[PDB]
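One chain comes next, on its own, written as structure tokens: the form deposited in one PDB entry.
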């Protein structure tokens, strides 16, 4: 049952464009999850009683967010990420894993590959995904830049090797059960 293809993946997508991988028909040690992770918190189920249950489905979600933005990957959370990029339900049942990846994702001149949505009419519904990138108008009308009141909904996290821990790259993997 493959997992190293998710956790030890060479690259990761941006939150707003978060990717999912379907896992079923197999089993694995939830012991494999270590000093490797900085954040490992389970919801709806018990972090200790895992190897004791059957799951008709398991879903792994990959992406990158800044350190301070990790705490937004949990139920009942508010923020740009939870609101506009990747949302968990209040009844969420699964585990959130995270870890610091400055050594591979930050750069001395700056890595801007990772991005997040910061503007959107209405928050995302649990497990929704929006990769639109269409000019934003607080009014609600369609505008074409360089019009005034017209803005780009996407921003690049800027991962430099000098930024403090709060603004450092963390890779995240969210595990959904069934």
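Numbering follows the first chain given and starts at 1. Whichever C-alpha set is largest while still superposing within 1.5 Å between the two forms counts as the rigid core. Residues that one form lacks are left out of the comparison.
Here the subject shifts to the form deposited in another entry, a form of this protein not shown in this document.
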query: Only residue that shifts (Cα, 2 Å or more, rigid core superposed) between the shown form and the other one, among 144, 132, 109, 46; finding: 46
query: Residue 55 C-alpha shift between the shown form and the other one of 2 Å or more, rigid core reference; finding: yes
query: Exceeds or equals 2 Å, Cα of residue 119 between the shown form and the other one, core fit; finding: no
query: Sense of CA distance change between residue 47 and residue 70 in the other form, threshold 3 Å; finding: farther
query: Closer or farther in the other form: C-alpha pair residue 173, residue 53 (3 angstroms or more); finding: closer
query: Residue ranges moving between the shown form and the other one (criterion: at least three consecutive CA positions shifted 2 angstroms or more, core aligned); finding: 26 to 33, 46 to 57
